[PDB]
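Down below is the structure, laid out as structure tokens.
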């Protein structure tokens, strides 16, 4: 049938929870909790977290996306009571090949041409980031380092980077506690896949490196008795 | 290509944070904090603040805008708790050649033909101010004073004024503290540029006067060794 | 100027709904589409390939010998194969057809069982392999298999044996929930005669068994596919 | 009368989204558009102009002599030029092509290197200038440069030397993140012979080097362009 059920576009185009995070806004410095998960967060997007622990995309070799990040932010601190008074959240898609913020009140939240959105807490925002790929397809499964020269990092192959999401709060006034949970749902459009690949045996042990984990249990099942079935 | 990526309209047409400010409303006089940043604010718009400290527009000599100020106002005082109960904010685009308010409860907030808008705190408002230019293009980079006669001010050349934004609160009742942060994002449409100009060496030291700052560090880089590279 | 109403289900966030959304990079040409081989439009052409079946997976640690059906001499009218045809379970679970049918739900379609012999050129054997449909108790010996839809396609001149597996609709589709019911189909093989080894062979020969789906295959609903009760949030 | 739905992403404020907005001065004729020369539609015609290159910027304080490549007599088979062709870094950073390529991101296109001699009319010299492509180690002397794509275009009858710089695609574009890798291109010049000065010259002559982009140039994504880690909020 020519029905979009078992084709590739329906196959990968569902929206899945990636990158649960939890931020707040307190003060300039205030109480010494600034850097780890508070006042801002950068993700450095990678579908390597929870696309069923990298399976359906790893079934193919070469893909091309057109992503739709739908950021669902919510107020973990009782929104029913308060902790939501115009709590405007700022998202930001920092493209690959651009500097990353590492502070809440930092210059690259307001800089030039960095796509940033603002929405109410407890509401959503829909994106459409086009195919930001260095290669003509996303090399999800690549053999080779970056150079025999200086060589950027290692065969993680972050050269075909997709982007980097940044989330922060524009608010003030340390007298109180708030907490905001942000949950982004990636969805891929117009997915064009190439070069089918045999599936993995184990759940993985690394991102980027196609390593199979040590100390394994048997992935295949013993016969219930002998070759004699039933 | 005839694609709007490296053309002039895409080049300058991005929206940037200019004029962060912070106002409130307390009472008629009340506690003696009235004049500086409280109860109202006038800007006297000038793209000379943070268009990457006047660079891409200074790369050309003659421009013509069609501006879209998008005023983002927010309640710095915990909006999550309260401090937002129908906090209607009044913006106002005072055109060039018109008197400027200097008081919250002043006559030229309600006067005749001064474009003023009202919106909820934590929401936005979109404008389109047409090309308000004395000359046929904005003389961003001008040589000459205003007269050899009386002479208006100096070669700042505020004769090609763009406008003056005014922000205030229509509310009452001193028993409490509120604070409102207002952040306007200018965006230029239909940008027509003329007469390319060599870029500056240093970040600037004045607005209007093309002065290069004293006590400079070397803007150009020494060779790593000799004319022998690598 | 344009009057409008509300709709209940406003502020709704369907995860699954195809809505066009505005672009964060509204004006940016991407890296252009080039032609690279092996373009795929469907999982049907993925599962069109005979992979292999681990049938001799009755040893504890998993090795290469998990696919080698062991064939000895001087045995006849006794067991060679034997399997329930429940793909997604048992010995078919770890085929490509395995995790594909573990992906979807209720399925339909005929199959393409293949079979291939690994032995010497001057060796002969007759192997009856028999299919019994779902809902029928599988045969107990070569006799009862021969009264079934018996297939010989012998060994000694022909090595590659393919048999299509016709699909029959039970309750309109196939049950895709984990049970050990015995109405899924049954395929098994018997020595019609003893294996005739070449002189001073002194060992074992093996068979290789493949499986795939014929173009009649069908996959209908999609599921979550836990398979390990999955949750890992490790990011680098 | 007109039923409608919601959309998630309501109350959204995209900074970058082209939406028509209502006018604060809905009825006001502006100062009318007149014709003034030098109308520009693209940055390509901005970077079409050969500006100059500071090559002798090896003195500490910046003066006029930063662009004067110094040429002495009685030296041959030794260094004149030498540069990595990484625009946006090193000696090309402070050209107009410099801050333009610092504005955008990944780029493409051939270039137009120019070169011009500042000396006496009755003076002669042979100067081999050589290009080595990105991914190749640059030559060590006039010998190894001559086995490269050597260019002489000598001094004594011709002053203005232009050489096009062909672009080659590496990993589909050029890396635009700050590293000191050595696969960006390499251009350098050597005395093929010693400089023949006129009698009682007693000094130095210089060369002037320009750079621009051929119409094949391309600029793809836009960036923030800090360059000083910029923040100044001074208003008057």
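By letter and in written order, the chains are A, B, C and D; residue numbering begins at 1 in each of them.
Please note the rule applied: contacts are C-beta pairs under 8 Å (C-beta built on N, C-alpha and C of every residue); 3 or more make two chains touch, one makes a residue touch a chain.
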| item | value |
| --- | --- |
| Chain pair, A-C or A-D, that carries the greater number of C-beta contacts | A-C |
| Candidate from A-C, A-D or B-C with the same interface as B-D, over half of contact pairs in common | A-C |
| Between subunit D and subunit C, distance of the C-alpha-averaged centres to the nearest whole Å | 60 |
| Cα-centroid distance, subunit A relative to subunit C, in whole angstrom | 33 |
| Rounded Å distance, subunit A centre to subunit B centre (Cα mean) | 36 |
| Residue list for subunit D, restricted to those that touch at least two other chains | 7-11, 13-16, 172-173, 182, 220-222, 225, 230-231 |
| Where subunit A touches two or more other chains at once, by residue number | 70, 95, 112-113, 115, 118, 120, 123-124, 126, 134-136 |
| In the complex, subunit B residues that touch subunit D | 5-8, 10-11, 14-15, 19-20, 43, 46, 48-50, 52-53, 55-56, 59-60, 62, 64, 68, 70, 72, 93, 95, 115, 123-124, 126-137, 156, 185, 192-196, 198-199, 201, 203, 207, 218-224, 226-230 |
| Sites on subunit A touched by subunit B in the complex | 75, 77, 82-88, 110, 112-113, 118, 120, 170-173, 175-176, 178 |
| Subunit D-touching residues of subunit C, taken from the complex the two chains share | 2-7, 9-13, 19, 21-22, 24-26, 28-29, 31 |
| Residue ranges of subunit C in contact with subunit A within the complex | 11, 13, 15-16, 19-25, 28, 30-34, 36-44, 46, 54-58, 60-62, 66, 69, 79-84, 90-91, 93-94, 96, 99, 103-104, 138, 182, 186, 188, 219-220, 222, 225, 228, 230-236 |
| Touching residues on subunit D, where the partner in the complex is subunit A | 7-16, 105-106, 135, 171-173, 176-177, 179-183, 221-226, 229-231 |
